[PDB]
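Participant: Pasting a structure below so you can have a look.
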Amino acid sequence: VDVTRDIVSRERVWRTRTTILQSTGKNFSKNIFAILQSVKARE
Amino acid sequence: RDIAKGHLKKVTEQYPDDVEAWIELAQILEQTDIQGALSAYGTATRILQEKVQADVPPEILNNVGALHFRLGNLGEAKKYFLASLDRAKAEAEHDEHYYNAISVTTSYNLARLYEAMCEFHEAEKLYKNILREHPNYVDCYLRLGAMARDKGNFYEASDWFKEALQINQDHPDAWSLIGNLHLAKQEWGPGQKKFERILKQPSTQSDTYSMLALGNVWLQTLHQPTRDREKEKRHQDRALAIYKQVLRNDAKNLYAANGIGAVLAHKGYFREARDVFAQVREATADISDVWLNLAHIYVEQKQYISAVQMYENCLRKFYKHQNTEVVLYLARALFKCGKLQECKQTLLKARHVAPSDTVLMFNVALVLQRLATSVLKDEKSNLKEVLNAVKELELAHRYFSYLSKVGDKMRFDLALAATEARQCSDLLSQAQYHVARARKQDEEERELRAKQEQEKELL
Amino acid sequence: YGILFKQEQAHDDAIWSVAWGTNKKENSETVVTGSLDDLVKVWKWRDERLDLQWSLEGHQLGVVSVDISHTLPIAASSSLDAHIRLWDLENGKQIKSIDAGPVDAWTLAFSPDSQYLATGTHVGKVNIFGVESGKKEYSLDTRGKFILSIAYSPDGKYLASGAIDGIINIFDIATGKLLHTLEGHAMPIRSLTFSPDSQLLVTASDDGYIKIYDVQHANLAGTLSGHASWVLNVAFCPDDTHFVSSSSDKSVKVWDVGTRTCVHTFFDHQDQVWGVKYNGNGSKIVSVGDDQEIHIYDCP
Amino acid sequence: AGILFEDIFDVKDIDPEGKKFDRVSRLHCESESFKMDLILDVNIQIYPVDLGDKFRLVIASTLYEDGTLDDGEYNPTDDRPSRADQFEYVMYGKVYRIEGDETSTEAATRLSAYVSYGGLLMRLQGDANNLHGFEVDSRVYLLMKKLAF
Amino acid sequence: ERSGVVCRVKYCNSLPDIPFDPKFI
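Residue numbers (this note's numbering), protein chains in the order written: chain E, 42 to 84; chain C, 113 to 571; chain L, 23 to 322; chain A, 19 to 167; chain H, 26 to 50.
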């Protein structure tokens, strides 16, 4: 029906699964993978 | 959007008969702070009334009620959605703008509110009113099964979820909810991978939610004594590879580092777990996982305060204010008087909602024996205490008898209770000793008070 | 609707149970409380004031339930200690101590005749002890998981039991046999009571739906979205016009038993409400919770 | 180590009394995992904060990450691992009072550790177990840092 | 005592549900 394309085309959904899993902070992986590699190097 | 913001800051100061400027303001600010969008729709509502007597279109009262629905103004958002419905109903000639779709979205948000307004029945009825008029809608069909899922994972919740998938198999949300079905009963540990690898096709791929659900179902296989069989180590390394992958594609994926720190903690790298969980905490400490993992790192210092603080913070929610697992995590280093005697209280509070568990009935007995031997070994204790300790020891012995007949255990046979029974018998002998000590101290205090009373008679 | 009375620090520990006599008889001229601090405070409620009348002790573990004889100012009290103890509310002495043996006993259920006393157990049966006897007279052989709740009808015609499987086991106290089994729930039934007329049977479930089945034909009379949190306790007034339900979220709702509409929601509990009970007339409603305190809502 | 106390905080008021000074504002802040309370004066001129600003506050006994005690003299010219290197606002001050709800018989449940950072005052108030690291007339460093969240 | 308390201490982390966002238009 057109009711589907009537709504999915105007809707303005702002949040979804991935936006919950993502940090909104500035913690990228430069400060994470660093220790991840260092502890492997200790092994 | 930055250019849209900087243009809107130019239209906001000057007043060239601004009419839709606040609409475009709120249309960006609904991702940013929700109050800015609210202020913009608030002023846009009145700015649409000075030129003519024209009613507010339903789309604005709808968007503002949708803003307020995220807030605690649930009743106010409800009035907004009611007014949007009444207004969209009045749009008998807006067939181009499709007033009907506007009423559809408004009713959807309204049933979502009633679902959220502790009124599941109104949400049910509104969702059915969308089904009866438009069975090609998904979320109305899904939230309905969500409501029934509260009562149980086996009602028409599960059916409506599967039926939704059959109509729209390429709907990642319905599919994810499918895999969420199997998470109730974890007996589908290894077999969930097939159902999880369905939509892992390249057209879907980079679905971080599936990848993480995979790493989670893979992590559940950890905490096994088969690590020396080179079986859990490979599982750890595999999940670590998953996490590294979802890290390279999403450095901000806090659940990636969450599981990385989990496997490091299972590695005993609790300091490496500590600071990765700390970075998670800094980014978003609100999630139920950090309140646990962080407390489990702090408690591992044997000294702790934050652990019980974080256990308290996670229990603040109404979800499971009465909870057994939190007390099982907390029942640790139980030897301080405020840990021993208090943990009895929290074990009893847990058991009064879950009396059927063996582990509560076992740990309450272990803490009882810990206290009883903390006063029936050497202590020149208070007199009433040695009367009470033998009572507690008797009840511990009764539990020791009752536990031994139960078949199923905490995946660990309780055959080792014989040493608890021996401790019980020798604590009983110590009770029969310390009650003699009790009477000697009794006569001591009586002669002390008498020799004081005589001094008072002298005065 | 409002709060008439409140006490601060009415107990030193969570009030797990409260009972108020509902007859015209003197048994209504007192309040019995059971809390985790092992203080069975008998309050008088004289002068429309919650005086403390007796302070009974001796329970090893905290009081899981208190129930007042429908015929006398006497109550029975139970604990996880499985020593069910009985008291006279106008002398404050101990009558007896029904030792269950192994430490598996649960909430109590005073018969309206005040002659039998049902108890729950991890075996799933409902052991009907005798008030003046203490011996296990007869036990309903309806095994399963755990009898989390049990209740006597004001006239004594039926008897229900809340399992951990959401299996209402409608017993018959007049013959001792399982007649119906209402399985409209899958959540652990926390508590239930009988209508003043023994016609409606409310079921308090962790799913938050206070569904209200029927007993005479064993059918659902309608759904009721009661709380988002677990429904912990639910009592009827005596005139049979409304019923309150206790949540796990500090609310108390005055649901209309006829319209299934909340006519008032109380919010003067600082922690979650273990129990609620009416007066002899149904105006004063006592409520108690983890906040160790007692609140008397007035519903004229 | 020398890390006396740490928590997540957020600013919940500034200058409730009105702005008594121009480069210094009272911050009234709350902790989040311990729900302790803080009244801190910051140099609001070089380190501005607003209501709702979230920050890490690590009150430490010494700056050095090896925990070696400083002599309390300002020196610069130093390589040594220093906690300051990973903060934004660091102050040095003298704990000058520790009030609490001591009774005559049983101990305080809550303490209020008062610190003067060369005259910029701080009161940290909460359950005593988090304040056990404070003793009156002891040197401490504030080491706070705003969480971008 | 001869032992500490028995505990299946496991570093768990769940996943969030679908947010079912209100349909702004």
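For each residue, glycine too, the CB sits at the ideal point set by N, CA and C.
1. Does the Cβ of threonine 218 of chain C have 16 or more other Cβ atoms within 10 Å, making it buried, or fewer, making it exposed?
2. Confirm, please, whether the CB-CB distance from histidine 202 of chain L to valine 224 of chain L is below 9 angstroms.
3. For a contact defined as C-beta to C-beta under 8 angstroms, what are the partners of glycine 371 of chain C on chain H?
4. Taking residue 19 of chain L as the query, report the chain C residues whose CB atoms sit under 7 angstroms from its CB, ordered along the chain.
5. Chain L beta carbons: is any one of them nearer than 9 angstroms to that of residue 75 of chain C?
6. Give a yes or no on contact between the segment 83-98 of chain L and the segment 34-45 of chain L, applying the rule of three or more CB pairs nearer than 8 angstroms.
7. Flag this pair as yes or no: are the beta carbons of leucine 254 of chain L and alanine 226 of chain L separated by less than 9 angstroms?
8. Residues in the segment 155-172 of chain L with C-beta within 9 angstroms of chain B's C-beta atoms, listed in sequence order?
9. Determine, using beta carbons only, whether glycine 152 of chain L and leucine 170 of chain L come nearer to each other than 9 angstroms.
10. Could you run through the segment 53-70 of chain E and flag, in chain order, every residue whose CB is less than 7 angstroms away from some CB of chain H?
11. So, for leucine 480 of chain C: in the same chain, excluding its five sequence neighbours on each side, which residues have a beta-carbon less than 6 angstroms away from its beta-carbon?
12. The beta strand (DSSP E) spanning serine 322 of chain C covers which residue range?
13. Assuming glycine 118 of chain A and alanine 146 of chain A make a contact with CB atoms under 8 angstroms, what is their CB distance in whole Å?
14. Do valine 276 of chain L and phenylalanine 265 of chain L count as a contact pair if the criterion is CB distance below 9 angstroms?
15. Classify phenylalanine 27 of chain A as buried or exposed, calling it buried when 16 or more other Cβ atoms lie within 10 Å of its own Cβ.
16. How many whole angstroms separate the CB atoms of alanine 369 of chain C and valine 388 of chain C, which I take to be in contact at a CB cut-off of 8 angstroms?
17. Mind checking the segment 474-502 of chain C against chain L and listing, in chain order, the residues whose C-beta falls within less than 7 angstroms of any C-beta there?
18. Are at least three pairs of beta-carbons, each pair with one atom in the segment 123-130 of chain C and one in the segment 66-80 of chain E, less than 8 angstroms apart?
19. Going along the chain, which unbroken runs of the beta strand (DSSP E) with 3 or more residues stay wholly within the segment 256-321 of chain L?
20. Pick out the complete alpha helix (DSSP H) segments inside the segment 116-200 of chain L, 4 residues or longer, and give them in chain order.
21. Beta carbons nearer than 8 angstroms to chain C: which residues of the segment 138-153 of chain A have them?
22. What do you get for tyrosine 92 of chain A, buried or exposed, if any count of 16 or more other CB atoms within 10 angstroms of its CB means buried?
23. Residues of chain E with CB under 9 angstroms from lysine 48 of chain H, in chain order?
24. How big is the Cα-Cα spacing for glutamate 557 of chain C and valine 547 of chain C?
25. Given a threshold of 16 other Cβ atoms within 10 Å of its Cβ, counted over all protein chains shown, does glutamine 314 of chain L qualify as buried or as exposed?
26. Whose CA, out of L:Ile96, L:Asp103, L:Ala122, lies closest to the CA of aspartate 110 of chain L?
27. Can you look up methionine 473 of chain C in the DSSP assignment and give me helix, strand or coil?
28. Any beta carbon of chain E sitting closer than 9 angstroms to that of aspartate 387 of chain C?
29. Interface residues of chain C around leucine 165 of chain A at Cβ under 7 angstroms?
30. According to DSSP, is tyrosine 511 of chain C part of a helix, a strand, or is it coil?
31. Taking just the CA atoms, how far does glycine 304 of chain L sit from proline 260 of chain L?
32. Using DSSP bridges, identify the partner residues of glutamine 313 of chain C.
33. Taking 9 angstroms as the CB-CB limit, is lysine 240 of chain C close to chain L?
34. Buried or exposed: where does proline 66 of chain A fall if 16 or more other Cβ atoms within 10 Å of its Cβ makes it buried?
35. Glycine 257 of chain C and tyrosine 249 of chain C: beta carbons closer than 9 angstroms?
36. Our contact map puts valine 168 of chain C next to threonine 155 of chain C with C-beta atoms below 8 angstroms; I'd like the distance itself, whole angstroms only.
Facilitator: So, to answer that:
1. Position 106 of the second sequence holds residue 218 of chain C. Around the beta-carbon of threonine 218 of chain C, 16 or more other beta-carbon atoms lie within 10 Å, marking it buried.
2. By 1-based counting over the third sequence, the position of residue 224 of chain L is 202. By 1-based counting over the third sequence, the position of residue 202 of chain L is 180. The Cβ atoms of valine 224 of chain L and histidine 202 of chain L do not sit closer than 9 angstroms to each other.
3. Against the second sequence, residue 371 of chain C aligns to sequence position 259. For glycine 371 of chain C, the residues of chain H that pass the 8 angstroms Cβ criterion are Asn38, in the order they occur in the chain.
4. Chain L is shown from 23 up to 322; residue 19 of chain L falls before or after that span and cannot be answered.
5. This structure gives no information on residue 75 of chain C, because the portion of chain C shown stretches from 113 to 571.
6. Yes, they touch.
7. As a first step, residue 254 of chain L must be located in the third sequence, where it is residue number 232. As a first step, residue 226 of chain L must be located in the third sequence, where it is residue number 204. Yes, the pair counts as a contact, with Cβ atoms nearer than the cut-off.
8. Among the protein chains of the structure shown, namely E, C, L, A and H, there is no chain B.
9. For the purposes of this step, residue 152 of chain L is taken as the residue at position 130 of the third sequence. For the purposes of this step, residue 170 of chain L is taken as the residue at position 148 of the third sequence. Contact flag unset, no.
10. Considering only beta carbons, the part of the segment 53-70 of chain E lying closer than 7 angstroms to chain H consists of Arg53, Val54, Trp55, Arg56, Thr57, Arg58, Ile61, in chain order.
11. Here residue 480 of chain C corresponds to residue number 368 of the second sequence, with the count starting at 1. Excluding positions up to five away in sequence, the list reads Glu504, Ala508.
12. The residue given as residue 322 of chain C occupies position 210 in the second sequence. Per DSSP, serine 322 of chain C belongs to no beta strand (DSSP E); it is in the alpha helix (DSSP H), 320-331.
13. Residue mapping note: residue 118 of chain A aligns to position 100 of the fourth sequence, counting from 1. Residue mapping note: residue 146 of chain A aligns to position 128 of the fourth sequence, counting from 1. A Cβ-Cβ distance of about 6 angstroms is found for the pair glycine 118 of chain A and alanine 146 of chain A, placing them in contact under the 8 angstroms criterion.
14. Taking the first residue of the third sequence as position 1, residue 265 of chain L is located at position 243. Taking the first residue of the third sequence as position 1, residue 276 of chain L is located at position 254. A Cβ-Cβ contact shorter than 9 angstroms links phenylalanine 265 of chain L with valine 276 of chain L.
15. Locating residue 27 of chain A in the fourth sequence gives position 9, where the first residue counts as 1. Classification for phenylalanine 27 of chain A: buried.
16. As a first step, residue 369 of chain C must be located in the second sequence, where it is residue number 257. As a first step, residue 388 of chain C must be located in the second sequence, where it is residue number 276. For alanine 369 of chain C against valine 388 of chain C, the beta-carbon gap comes to about 5 angstroms, under 8 angstroms, which counts as contact.
17. Those residues of the segment 474-502 of chain C that come within reach of chain L (Cβ to Cβ, closer than 7 angstroms) do not exist; the list is empty.
18. With the rule of 3 Cβ pairs closer than 8 angstroms, the segment 123-130 of chain C does not count as touching the segment 66-80 of chain E.
19. Here the runs fully enclosed are 264-268, 274-278, 284-288, 295-299, 306-311, 316-320.
20. Within the segment 116-200 of chain L, no complete alpha helix (DSSP H) run reaches 4 residues.
21. With the criterion set as a beta carbon lying under 8 angstroms from some beta carbon of chain C, the members of the segment 138-153 of chain A are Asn147, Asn148, in sequence order.
22. As a first step, residue 92 of chain A must be located in the fourth sequence, where it is residue number 74. Under this definition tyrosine 92 of chain A is an exposed residue.
23. Here the question's residue 48 of chain H lines up with position 23 in the fifth sequence. Result: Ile48, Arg51, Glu52, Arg53, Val54.
24. Indexing the second sequence from 1 puts residue 557 of chain C at position 445. Indexing the second sequence from 1 puts residue 547 of chain C at position 435. So the two alpha carbons sit approximately 15 angstroms from each other.
25. If you number the third sequence from 1, residue 314 of chain L lands on position 292. Buried, because 16 or more other Cβ atoms sit within 10 Å of the Cβ of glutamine 314 of chain L.
26. Your numbering for residue 110 of chain L matches position 88 in the third sequence. Ranking the options by Cα distance to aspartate 110 of chain L, first place goes to L:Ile96.
27. Against the second sequence, residue 473 of chain C aligns to sequence position 361. Per DSSP, reduced to three states, the secondary structure at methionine 473 of chain C is helical.
28. For the purposes of this step, residue 387 of chain C is identified with residue 275 of the second sequence, where counting begins at 1. Cβ-Cβ to chain E under 9 angstroms: yes for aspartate 387 of chain C.
29. Stepping through the fourth sequence from its first residue, residue 165 of chain A is reached at position 147. In chain order: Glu394.
30. Position 399 of the second sequence, counted from the start, is the residue given in the question as residue 511 of chain C. Here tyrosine 511 of chain C sits in helix by DSSP.
31. On the third sequence, residue 260 of chain L is found 238 positions in, with the first residue counted as 1. On the third sequence, residue 304 of chain L is found 282 positions in, with the first residue counted as 1. If I take the Cα positions, the gap works out to 6 angstroms.
32. Residue 313 of chain C sits at position 201 when you count from the first residue of the second sequence. Looking at the DSSP output, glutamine 313 of chain C sits in no beta bridge, so it has no partner there.
33. As a working note, residue 240 of chain C is residue 128 in the second sequence. Answer no: the Cβ-Cβ gap between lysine 240 of chain C and chain L never drops below 9 angstroms.
34. Your numbering for residue 66 of chain A matches position 48 in the fourth sequence. The residue in question, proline 66 of chain A, is exposed, as its Cβ has fewer than 16 Cβ neighbours within 10 Å.
35. Taking the second sequence and counting its residues from 1, the one referred to as residue 257 of chain C is at position 145. Taking the second sequence and counting its residues from 1, the one referred to as residue 249 of chain C is at position 137. Between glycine 257 of chain C and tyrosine 249 of chain C, the C-beta gap is not smaller than 9 angstroms, which leaves the two residues out of contact.
36. Locating residue 168 of chain C in the second sequence gives position 56, counting from the first residue. Locating residue 155 of chain C in the second sequence gives position 43, counting from the first residue. Rounded, the Cβ-Cβ distance is 12 angstroms, inconsistent with contact.
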